[PDB]
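Chemist: The listed protein sequences correspond, in order, to chains S and N. Read in order, the letters of the first sequence correspond to residues 148 to 187, 195 to 219, 252 to 310, 326 to 336, 346 to 356 in the deposited numbering. Read in order, the letters of the second sequence correspond to residues 398 to 446 in the deposited numbering. C-beta atoms are modelled at their ideal positions from N, C-alpha and C, and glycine is treated no differently.
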Amino acid sequence: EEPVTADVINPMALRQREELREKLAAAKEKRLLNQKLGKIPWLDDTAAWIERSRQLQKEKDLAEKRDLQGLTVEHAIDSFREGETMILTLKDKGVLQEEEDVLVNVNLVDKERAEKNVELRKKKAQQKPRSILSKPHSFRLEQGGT
Amino acid sequence: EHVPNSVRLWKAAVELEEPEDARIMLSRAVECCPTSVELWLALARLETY
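#1: Using beta carbons (cut-off 8 Å, strictly below), is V400 of chain N in contact with chain S?
#2: With 8 Å set as the bound, which would you pick, yes or no: does the beta-carbon of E412 of chain N sit closer than that to a beta-carbon of chain S?
#3: For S207 of chain S, return the contacting residues in chain N, with the cut-off set at a CB-CB distance below 8 Å.
#4: With residue 191 of chain S as the anchor, note down where its alpha helix (DSSP H) starts and where it stops.
#5: Below 8 Å, can you find three or more Cβ-Cβ pairs linking the region 281 to 294 of chain S to the region 409 to 428 of chain N?
#6: Using C-beta distances below 7 Å, list every residue in its chain close to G256 of chain S, excluding the 5 sequence neighbours before and after it, in chain order.
#7: Would you check if the distance between the CB atom of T258 of chain S and the CB atom of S348 of chain S is smaller than 8 Å?
#8: Nearest to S403 of chain N by CA position, among N:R425, N:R442, N:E444 and N:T445, is which residue?
#9: Let me check understanding here. Comparing Cα to Cα, which of S:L254, S:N291, S:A174 and S:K310 lies closest to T356 of chain S?
#10: In chain order, what residues of the same chain have a beta carbon less than 8 Å from the beta carbon of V290 of chain S, not counting five sequence neighbours either side?
Below you can see the structure in the form of structure tokens.
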């Protein structure tokens with residue numbers, strides 16, 4: 148009946164706007180930084203300077219005489267067996283990918299992958330089967355261990 | 398003015414200084430760095446009569 152107000156998305160005019168914004172930001176940074184940067195006899199004769207240098211040389215000669255709280259572990263607490271210790275390493279993530287670092291054991295992940303593969307080879326709150334697609347067993351460390 | 402052992406600063410200062418002041422600065426550098434044979438040779442180049 149009546150369309151609601153929509154701003155036209157121009158992919159390449161937005162680039163011009165971004166470039167103008169970047170130029171304005173650079174100019175503002177230059178103006179701000181020049182204030183912090185623009186704040187800063196013996197200059198015309200040499201014999202006086204050499205006398206001062208010799209005096210300073212004489213002066214120098216005279217003076218000659252453990253805690254990892256908050257680090258998630260992407261494994262169930264029950265996965266770890268008493269009586270032995272085992273090593274955790276960081277899971278691979280992209281550098282630009284802004285996300286929390288998780289601690290991972292390669293052997294435990296291999297075991298979980300094998301379990302998932304076994305389950306999928308034998309299986310042949327709303328709409329659960331496709332909830333995994335749109336969207346995990348981790349615990350948070352506190353003052354070291356938990 | 399920081400008394401550097403480098404000869405490059407002394408060499409740059411001397412080549413644009415007055416010859417008497419140049420040789421005095423060369424003597425000062427030799428006092429700072431006796432091993433600077435370049436400064437001694439330059440002073441000997443102005444050894445006069």
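Modeler: To lay it out plainly:
#1: Closer than 8 Å to some Cβ of chain S, the Cβ of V400 of chain N qualifies, so yes.
#2: no
#3: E398, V400 and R425
#4: This structure gives no coordinates for residue 191 of chain S. The numbering of chain S moves from 187 immediately to 195.
#5: no
#6: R350 and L351
#7: yes
#8: N:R425
#9: S:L254
#10: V259, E260, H261, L274, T275, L276 and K277
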